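Heavy-atom basis, side chains included; hydrogens, waters and symmetry copies ignored. Just so you know, ligand 1 is whichever comes first in the structure, and atom 1 is the first atom listed for that ligand. All chains are named by letter (A, B, ...) in the order of the sequence lines, taking the proteins before the strands, and each is independently numbered beginning at 1.
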Amino acid sequence: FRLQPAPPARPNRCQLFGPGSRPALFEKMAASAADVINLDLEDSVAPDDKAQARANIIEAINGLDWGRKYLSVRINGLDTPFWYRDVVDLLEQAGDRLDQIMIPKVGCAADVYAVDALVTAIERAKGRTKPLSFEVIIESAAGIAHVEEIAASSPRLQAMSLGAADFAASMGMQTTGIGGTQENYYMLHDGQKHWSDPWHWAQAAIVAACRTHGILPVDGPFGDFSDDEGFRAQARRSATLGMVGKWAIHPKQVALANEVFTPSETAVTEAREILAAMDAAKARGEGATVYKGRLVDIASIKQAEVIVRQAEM
Amino acid sequence: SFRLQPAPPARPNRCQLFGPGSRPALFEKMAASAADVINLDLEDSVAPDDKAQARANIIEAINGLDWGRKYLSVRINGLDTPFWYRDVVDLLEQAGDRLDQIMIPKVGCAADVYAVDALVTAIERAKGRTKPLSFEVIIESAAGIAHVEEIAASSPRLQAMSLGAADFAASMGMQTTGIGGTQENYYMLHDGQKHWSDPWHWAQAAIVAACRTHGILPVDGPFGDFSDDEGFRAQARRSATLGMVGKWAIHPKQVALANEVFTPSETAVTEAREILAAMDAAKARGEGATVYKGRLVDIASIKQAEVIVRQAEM
Amino acid sequence: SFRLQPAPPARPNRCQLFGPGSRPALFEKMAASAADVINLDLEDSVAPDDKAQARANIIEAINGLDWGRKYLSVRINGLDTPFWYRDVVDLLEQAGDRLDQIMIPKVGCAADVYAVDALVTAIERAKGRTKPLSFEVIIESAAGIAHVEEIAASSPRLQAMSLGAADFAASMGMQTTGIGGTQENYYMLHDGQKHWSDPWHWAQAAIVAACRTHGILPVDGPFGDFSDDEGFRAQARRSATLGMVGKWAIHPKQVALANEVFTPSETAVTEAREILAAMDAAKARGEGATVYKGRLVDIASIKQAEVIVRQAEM
Amino acid sequence: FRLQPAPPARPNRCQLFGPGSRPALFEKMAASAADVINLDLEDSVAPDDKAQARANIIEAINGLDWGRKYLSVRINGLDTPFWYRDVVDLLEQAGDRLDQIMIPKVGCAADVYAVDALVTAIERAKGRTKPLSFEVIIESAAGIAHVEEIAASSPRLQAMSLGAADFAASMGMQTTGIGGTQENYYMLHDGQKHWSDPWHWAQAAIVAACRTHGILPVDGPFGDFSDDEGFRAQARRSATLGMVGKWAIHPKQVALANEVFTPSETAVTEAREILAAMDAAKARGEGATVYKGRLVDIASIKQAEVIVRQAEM
Amino acid sequence: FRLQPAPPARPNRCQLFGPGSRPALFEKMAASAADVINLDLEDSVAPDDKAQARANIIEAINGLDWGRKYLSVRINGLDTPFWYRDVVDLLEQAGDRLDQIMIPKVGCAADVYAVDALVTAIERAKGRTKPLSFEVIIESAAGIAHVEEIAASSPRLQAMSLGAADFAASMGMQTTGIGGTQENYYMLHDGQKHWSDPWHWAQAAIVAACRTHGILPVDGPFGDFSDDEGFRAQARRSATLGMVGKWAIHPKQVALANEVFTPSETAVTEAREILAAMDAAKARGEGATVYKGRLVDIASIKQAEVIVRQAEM
Amino acid sequence: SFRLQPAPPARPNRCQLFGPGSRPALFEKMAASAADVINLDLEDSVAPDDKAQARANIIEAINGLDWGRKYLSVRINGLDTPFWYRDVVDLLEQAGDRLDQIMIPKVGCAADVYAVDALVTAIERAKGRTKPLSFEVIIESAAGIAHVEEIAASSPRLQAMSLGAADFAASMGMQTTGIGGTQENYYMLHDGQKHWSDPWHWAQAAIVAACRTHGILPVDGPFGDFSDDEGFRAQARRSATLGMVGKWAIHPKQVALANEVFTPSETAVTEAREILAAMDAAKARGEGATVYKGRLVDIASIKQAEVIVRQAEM
Ligand SMILES: CC(C)(COP(=O)(O)OP(=O)(O)OC[C@H]1O[C@@H](n2cnc3c(N)ncnc32)[C@H](O)[C@@H]1OP(=O)(O)O)[C@@H](O)C(=O)NCCC(=O)NCCS
Ligand SMILES: CC(C)(COP(=O)(O)OP(=O)(O)OC[C@H]1O[C@@H](n2cnc3c(N)ncnc32)[C@H](O)[C@@H]1OP(=O)(O)O)[C@@H](O)C(=O)NCCC(=O)NCCS
Ligand SMILES: O=C([O-])C(=O)[O-]
Ligand SMILES: O=C([O-])C(=O)[O-]
Ligand SMILES: O=C([O-])C(=O)[O-]
Ligand SMILES: O=C([O-])C(=O)[O-]
Ligand SMILES: O=C([O-])C(=O)[O-]
Ligand SMILES: O=C([O-])C(=O)[O-]
Ligand SMILES: [Mg+2]
Ligand SMILES: [Mg+2]
Ligand SMILES: [Mg+2]
Ligand SMILES: [Mg+2]
Ligand SMILES: [Mg+2]
Ligand SMILES: [Mg+2]
């Protein structure tokens with residue numbers, strides 16, 4: 001009979017991805033302005049190169065200065081022969097600098113449980129001192145259909161990402177784009193077109209599932225790194241719906257993610273003014289008052305606190 | 001089973017006018033309004049130190065004022081507070097039979113409603129209350145919307161379910177301090193042009209689906225900007241389109257707007273009756289489908305037209 | 001488990017042409033159409049008094065007409081009617097093996113499909129029918145959408161699921177008499193100007209997710225205004241974008257429109273093949289990600305490309 | 001927030017079965033002392049005779065005087081080609097004297113829902129004035145595993161029987177007997193054998209499921225009609241666990257079922273004395289007191305009423 | 001991925017019940033050898049005396065020296081008008097000496113949740129320093145049918161009792177006795193009768209539900225307080241199945257319960273010998289060995305520890 | 001649906017002979033026994049310090065020894081231990097194709113099995129293993145029996161489920177240090193005389209029901225007192241009566257006992273065939289029920305008789 005479980009307090013404004021098969025770029029990633037680093041063994045690495053990428057990543061975890069980055073590795077999916085070797089090698093060979101693993105293409109709670117079972121055993125066997133957190137990608141029809149059970153699937157779970165590329169493919173969406181506006185998704189009214197959000201339910205359901213269970217909801221990749229305004233629009237929708245951050249799949253997207261997912265000065269100012277107004281009303285024996293011609297009440301305090309919390313971390 | 005979905009309560013619910021229990025001067029004004037439902041508030045419009053006085057005010061008003069034919073409801077405090085049980089005990093022990101309903105806020109699962117039901121049922125039996133209260137709830141949290149159907153099925157007392165956009169936004173972590181309505185940062189970019197979309201679509205549609213499945217009235221909640229009448233119309237129109245049957249007024253100005261939108265227009269009713277006539281005429285010719293104004297109407301159109309008619313003849 | 005989602009039926013389902021069984025004159029025209037699937041109707045396009053005769057007409061048509069390579073389906077009456085059992089018994093006892101499929105309307109739970117499955121299975125065994133029927137259902141009620149996934153997993157016979165916007169709107173209590181498409185009162189107001197949004201988004205997306213999870217074909221239902229080609233294109237395009245693989249035609253003119261929208265454009269197919277080419281080249285360079293026209297493409301892009309190509313090459 | 005829903009108040013001490021293919025038995029069954037009559041289309045009727053059995057039963061429903069007896073027909077199972085014809089013909093051809101149908105081999109709630117769907121449609125189409133009630137047999141591993149959902153499967157459902165023959169076969173029990181003691185089910189203690197109840201859970205779980213949902217739990221066939229004392233033991237176990245009656249598969253078993261499932265005057269006497277004792281205790285301001293060296297309290301009232309209710313039936 | 005959650009470590013060998021309407025007995029109860037005291041507001045107290053009993057109990061909680069007894073109160077059920085008054089008065093008026101509340105006739109998890117909602121609110125409102133634990137009674141068809149969900153229903157939940165009197169009534173069992181042997185529940189073999197356990201499933205299922213979720217399973221009242229040997233048999237059965245204690249409804253039953261539910265010196269000796277034997281085997285590089293002509297292995301260690309654990313508390 | 005329960009594996013499973021992997025001298029003796037299934041143990045018969053060596057021994061034994069036609073299984077360590085993952089990896093990366101099965105102990109939910117399935121499936125694919133392993137599990141905890149049905153349905157690989165009375169007793173908190181069999185303190189008192197009852201009844205029956213529902217073989221576990229032949233026979237006889245198809249042998253002597261009890265006697269088979277013959281004759285007379293030795297036999301009796309004959313003809 002308390003409120004929502006609090007999610008992890010750590011910053012998660014941007015998760016910068018890089019293929020494990022390009023170790024020369026690891027230093028640049030560590031030096032970036034991204035909160036989270038995702039070294040990839042999955043869909044940015046060709047099958048013949050996954051063994052080498054695995055070796056590269058283990059070496060980088062043990063050898064590089066990762067500063068204050070939250071260090072995550074995306075392993076291969078449970079429908080592949082690679083996943084078990086990813087987990088075993090990482091947990092048997094990588095030092096304690098590794099923070100987290102990301103599980104792709106999650107379709108049910110049991111998927112997460114399976115990884116948890118293996119990871120827990122190796123951590124115990126090898127006497128690992130820093131237990132890994134988990135993050136997952138909802139990027140299939142099964143994933144979104146079972147989104148709440150997945151959100152509740154492990155005490156290790158800290159974050160859940162939408163993967164619009166795999167999601168579109170799994171859903172059979174007629175597009176080769178990764179996130180963003182869809183040309184053929186619009187409303188016709190009086191001869192004019194009005195574009196609508198083809199991702200609404202997927203993103204909102206993920207947010208609801210995450211907040212219910214104390215997980216961070218995160219927006220995934222936006223493919224068009226040549227389109228800053230397009231990225232801003234996608235990030236803005238996500239931030240509005242309750243997602244706390246977004247992937248960067250290109251160095252330029254890091255600043256854009258940090259821009260959108262850090263509340264503006266004006267937003268923070270209004271938030272504090274609402275808090276001040278409600279405190280004043282409280283002293284007058286009132287639980288509701290008027291702010292700029294609109295209603296504010298006790299619920300507004302919680303809303304204002306959402307803004308301030310994201311700005312103060 | 002093997003019948004159509006359960007019919008919801010047939011009472012009017014176009015507008016629910018809210019007022020803080022700590023401002024008893026508003027009570028007679030609320031009683032005089034054109035609102036179908038009255039919600040005397042003990043929760044989020046009332047500061048903590050004023051909750052006891054508000055409870056006393058409300059009980060006295062339930063017993064003392066002429067409430068006409070309005071459906072009288074009280075929003076109690078949430079189950080995550082120390083206030084809720086005293087709200088329920090005092091109301092059920094001291095309020096007369098003019099009280100019709102209580103509103104449970106921040107409902108996260110069916111068991112929340114069951115808990116209030118258990119308490120209310122016991123006191124009604126102990127006091128020999130002749131008019132059993134109905135319940136209404138607010139879906140205004142991540143847990144709430146995630147568990148929306150089980151909540152809709154949670155009690156025989158349950159008559160209505162409202163979306164609470166303010167608490168919903170806070171719960172979901174939505175980057176906004178507004179209450180319902182258009183969100184500036186929720187738009188589609190297309191060829192340099194912005195196209196605003198509905199950031200509340202799923203939540204509202206899911207509430208409607210859960211309610212209609214289990215014979216509950218789906219209702220839209222507060223719209224914060226009482227200076228923005230067209231914004232209210234837009235929000236109310238979206239809700240009415242999705243299947244919600246009414247909307248809160250948190251200011252007297254909003255009652256007229258709610259009644260305007262949630263009462264089907266003459267034009268809409270006229271078309272509905274024309275469609276009903278068209279289908280009856282088609283039925284006589286041995287047809288279950290026909291053409292009306294260049295479009296298809298069939299047996300399903302009868303049910304749709306009856307949705308328009310029903311809300312108008314109430 | 002530990003495989004990709006089950007593959008849906010490989011058959012074309014770009015358009016399902018509907019016609020009332022009480023109008024046998026339409027039958028040969030439907031057989032001559034360009035529709036992938038034919039739906040002979042016993043339900044909401046047929047008046048109650050004509051349903052018995054419509055049943056007889058349809059049985060004659062199944063046994064007598066040249067249906068070519070059309071997938072032949074019959075929409076029976078709902079389980080909340082006295083007609084449904086006579087539809088199924090007569091069809092399965094009297095129709096020959098040309099019948100491919102039965103469509104069940106107004107499905108609200110998995111048990112509805114199980115019930116029809118139980119009866120159909122018994123008759124097929126009793127009469128030694130050589131070609132067991134496939135099933136398709138309509139999600140067209142609040143209960144249907146609330147229980148969409150369990151319905152999608154309800155039978156090994158199930159091949160397709162349609163959204164029925166007319167009955168869905170009526171069931172949801174949506175204030176409209178239109179069938180699908182833009183709703184005048186569903187828009188966002190931003191700085192004094194309106195921006196229309198999709199009032200069907202969740203229902204459509206949830207149906208697609210349910211279907212793709214369980215190897216079913218998600219299909220868009222009727223668009224009422226057969227006088228509005230561009231409106232049809234808009235609706236069909238939204239559906240195609242979300243992952244639905246076809247759309248009903250309730251008028252001959254809509255068949256060409258459906259085939260057009262649900263067959264990927266040459267431009268779209270061209271880009272897909274270019275992406276596939278780019279990704280193979282990247283593989284050879286020891287890369288699982290590369291750049292295509294200023295955009296990221298990776299291993300997932302291969303799957304997206306294959307969605308386009310697969311649908312174009314059928 | 002009330003007590004468990006009340007089951008049907010009609011007597012169900014004994015259900016007398018007879019094959020539909022042996023219509024000479026019908027008038028004898030109608031003249032018996034059995035509360036319920038079950039005319040059989042299923043496992044007592046060979047496949048080639050089922051169509052004629054169906055015709056015989058319809059004739060008997062419409063032509064015989066069944067007095068005050070509750071008239072039921074056991075149809076064929078949902079895994080057979082026969083069931084649909086059974087239901088269609090019964091509801092389209094039989095008059096309103098038919099009270100009930102028994103569905104065999106029920107494995108899940110959806111099985112009962114399927115029959116309900118068909119039955120409801122025909123009753124509406126033909127304007128039948130007396131809607132049928134349902135009863136089912138739990139006689140498979142799936143049946144007992146899903147016993148509660150089956151008990152809640154239909155507002156038509158009035159009774160649930162255990163079918164020990166099919167249950168044994170389904171469970172793979174090493175026996176060819178029908179109910180009763182099993183020679184190989186005993187406890188060995190210091191060289192002595194003590195026979196135990198191999199049907200305990202199945203019977204108890206059926207009672208629990210039924211009472212939870214307002215259904216009558218009933219014991220099924222006892223095969224050895226040459227063994228009166230064996231029948232008595234089986235019937236007594238069932239009555240003790242809470243089952244309200246038992247099948248008769250031979251005329252001799254009817255009197256035995258009525259004997260066991262009608263509470264003895266001794267039992268009724270004790271119950272009334274306990275009831276009187278509790279009333280006297282309440283007058284003294286006591287909720288508990290002593291009866292024959294035993295504790296009795298407010299719970300004892302409910303127990304005594306269980307006895308009396310079945311006696312005044 | 002650990003062992004099942006440990007139940008509360010406190011002793012619970014005997015729960016001595018007494019009606020709240022007889023406060024003259026409270027001192028005798030406090031001085032008894034019972035681990036837990038249950039002051040009753042329910043079925044041992046007549047309806048008209050429930051108000052006075054409530055006041056009596058609140059006074060006794062605040063006034064009596066309860067030593068080290070675990071102090072619990074059985075409130076009225078959720079299907080009565082009394083329950084809310086019991087809870088409100090107890091939590092608003094009784095001091096911090098109260099340890100626990102017993103909820104009778106529980107039929108689902110939501111029942112426990114309902115009481116938890118009320119209790120939690122009052123504790124917060126009144127600033128109660130010691131949060132109450134909960135215990136419940138499984139004593140209805142719905143209760144046993146939903147026994148696992150009930151066991152998982154609240155973090156407060158510490159114990160679950162079988163209530164054989166209400167259970168028998170709810171199930172429609174033909175008896176007026178409370179627990180123990182049932183005359184009509186026996187197996188007939190070669191003209192000889194062999195009595196079996198009519199309570200087996202109910203008791204075993206309660207134990208399983210409790211041990212799964214870290215709850216103590218407890219046996220309920222035995223009615224015939226004139227029958228020491230009958231009590232011993234009932235207690236021995238419960239102890240064998242895994243119940244950790246039993247109600248006393250008469251002073252004489254306290255010593256009996258303590259006798260049976262404290263492992264005998266012989267039993268403890270064998271346990272320690274098995275532990276010693278297994279330690280010796282481990283030193284020889286063995287995980288299994290022979291003890292008194294039988295197999296003992298790693299599992300035997302856990303079994304021996306069950307014995308020792310109960311003896312050492 | 002609409003078919004009888006799924007058939008379990010047809011292979012013999014009358015006895016599963018266990019032996020610790022840390023005693024390789026036993027291996028050839030086990031291979032020469034009359035047991036249908038062999039269980040090489042890495043778990044509770046092997047001390048923690050000896051588990052690595054046991055693993056090496058067993059892998060070498062799988063590849064090196066002639067196991068004839070016996071079904072070869074290995075019991076791995078539990079998912080609550082650090083050993084289990086190394087057990088599975090080494091077995092699947094190093095053992096040849098002679099390995100048939102692995103046994104998972106202390107299973108508490110379906111997800112436990114799914115977890116092992118996930119790991120096993122990946123290694124089989126990575127190594128191109130030609131014969132996919134089957135799974136068997138042990139129900140030997142409170143959670144295990146509480147969730148027995150979901151566990152039985154947890155994997156397509158699952159072929160058998162055993163009751164583990166030692167761990168079950170410990171988990172349930174049973175006051176005993178014995179393994180299976182009569183419990184001295186579990187009896188009914190009646191008129192001064194004691195009558196011992198089955199303290200394992202529900203656990204065994206529920207396991208049988210879960211298995212038969214989902215086409216799994218239910219098996220009885222270890223009986224600890226190998227000095228007590230009649231105790232074993234009694235325990236095995238109870239299990240065979242409830243529907244379990246075999247039993248563990250934890251000592252060579254027990255193999256003969258298990259085969260004795262779990263092979264139907266000639267008397268039992270003769271009666272079964274006589275009943276089948278009687279029912280055949282009844283069918284010819286136009287009867288579905290008749291009399292056999294003063295008792296009723298009908299169509300259900302045919303299935304019962306077939307249960308006896310089937311176990312005899314393995
Ligand atoms: C999109 C991508 C393929 C483009 O690669 P590219 O053609 O070499 O990119 P650019 O030329 O525009 O890179 C600009 C600079 O940033 C570096 N850079 C490229 N990708 C980087 C990354 N992911 N992280 C950090 N630095 C990166 C480049 O090496 C180059 O450095 P320089 O200035 O010293 O020359 C590349 O950014 C990439 O691999 N993306 C991440 C893919 C991934 O991990 N996807 C996850 C699944 S969606
Ligand atoms: C109980 C146990 C420790 C007794 O060992 P023991 O003292 O050597 O047994 P015995 O001396 O009576 O054995 C008799 C003979 O059978 C052999 N034997 C013992 N256990 C055997 C087994 N499990 N399989 C095959 N042969 C076995 C012995 O080697 C000996 O053979 P021999 O005549 O050539 O000398 C041993 O049987 C054992 O480990 N059992 C299996 C334990 C197990 O796997 N349990 C896990 C599941 S609960
Ligand atoms: O994982 C991804 O990059 C995706 O599918 O969106
Ligand atoms: O209940 C409310 O006012 C809200 O939070 O929207
Ligand atoms: O089935 C239909 O035509 C509908 O309701 O949309
Ligand atoms: O139905 C029956 O007779 C049975 O199988 O017990
Ligand atoms: O609570 C009790 O005493 C009972 O019903 O057994
Ligand atoms: O696994 C075992 O041997 C047991 O616990 O019975
Ligand atoms: Mg992906
Ligand atoms: Mg609110
Ligand atoms: Mg329709
Ligand atoms: Mg049978
Ligand atoms: Mg009781
Ligand atoms: Mg074990």
- Is NZ or CZ of F:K51 both nearer than 6.0 Å to the six-membered ring centre of F:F83 and within 45° of the ring axis? yes
### Message
Closer than 4.0 angstrom, basic N to acidic O: yes or no for F:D220 and F:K247?
### Response
yes
4.0 Å protein heavy-atom contact status of [atom], strictly under:
atom: atom 11 (O) of ligand 2; value: no
atom: atom 47 (C) of ligand 2; value: yes
atom: atom 26 (N) of ligand 2; value: yes

Does one side chain, of [X] or [Y], offer a donor that lies under 3.5 Å from an acceptor on the other?
X: E:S300; Y: E:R294; value: no
X: B:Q204; Y: B:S239; value: yes
X: C:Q183; Y: C:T176; value: yes
X: B:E136; Y: B:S73; value: yes
X: F:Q16; Y: F:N39; value: yes

In B:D80, B:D112, B:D44, the residue satisfying salt bridge (charged side-chain N to carboxylate O under 4.0 Å, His left out) with B:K106 is B:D44
N/O separation below 3.5 Å, [X] to ligand 2:
X: F:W248; value: no
X: F:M30; value: no
X: F:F18; value: yes
X: F:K29; value: yes

Residues at least two apart in sequence or cross-chain that pass salt bridge (charged side-chain N to carboxylate O under 4.0 Å, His left out) with B:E140, listed by chain then number, are none
Between F:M103, F:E43, F:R23, flag the one that comes closest to atom 3 (C) of ligand 2 by a heavy atom.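 Among F:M103, F:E43, F:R23, the closest heavy atom to atom 3 (C) of ligand 2 comes from F:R23.
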Looking at non-hydrogen atoms alone, which of E:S300, F:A35, F:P252 comes nearest to atom 17 (C) of ligand 2?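 The nearest heavy atom belongs to F:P252.
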Region of [X] engaging ligand 2 - heavy atom pairs below 4.0 Å:
X: E:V290; answer: side chain
X: F:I250; answer: both
X: F:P20; answer: both
X: E:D297; answer: side chain

* Asked: With a 4.0 Å cut-off on heavy atoms, does E:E286 reach ligand 2?
  -> no
**Prompt:** Measuring from the heavy atoms of F:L26, does anything fall under 4.0 Å of ligand 2?
**Reply:**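 Yes, F:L26 has a heavy atom closer than 4.0 Å to ligand 2.
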Is the backbone N or O of [Y] less than 3.5 Å from a side-chain atom of [X], with the two atoms forming a donor-acceptor pair by type?
X: F:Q235; Y: F:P222; answer: no
X: B:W248; Y: B:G164; answer: no
X: B:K303; Y: C:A170; answer: no
X: F:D87; Y: F:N77; answer: yes
X: C:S171; Y: C:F168; answer: no

Hits for side chain to side chain contact (heavy atoms under 4.5 Å, CB included) against B:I302, two or more places apart or cross-chain, chain-then-number order -> B:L276, B:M279, B:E306
Residues at least two apart in sequence or cross-chain that pass side chain to side chain contact (heavy atoms under 4.5 Å, CB included) with B:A165, listed by chain then number, are B:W200
Numbered atoms of ligand 2 (with element) below 4.0 Å of [X], judged on heavy atoms:
X: F:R75; value: 46 (C), 47 (C)
X: F:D41; value: 46 (C)
X: F:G19; value: 44 (O)

Exercise for the section: Distance to 0.1 Å, residue and atom name: give those for the protein heavy atom nearest to atom 13 (O) of ligand 2. Expected result: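 Checked against all protein heavy atoms, atom 13 (O) of ligand 2 sits closest to F:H251 NE2, 3.9 Å.
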The closest protein heavy-atom partner of atom 43 (C) of ligand 2 is F:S45 CB, 3.7 Å
With the criterion set at N/O pairs under 3.5 Å, what does the list of contacts between the protein and ligand 4 look like, atom names and distances included?
from     : atom 1 : to     : atom 2 : distance (Å)
ligand 4 : 1 (O)  : B:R75  : NH1    : 2.8
ligand 4 : 1 (O)  : B:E140 : OE1    : 3.0
ligand 4 : 5 (O)  : B:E140 : OE1    : 3.1
ligand 4 : 5 (O)  : B:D167 : N      : 2.7
ligand 4 : 5 (O)  : B:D167 : OD2    : 3.0
ligand 4 : 6 (O)  : B:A165 : N      : 3.3
ligand 4 : 6 (O)  : B:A166 : N      : 3.0

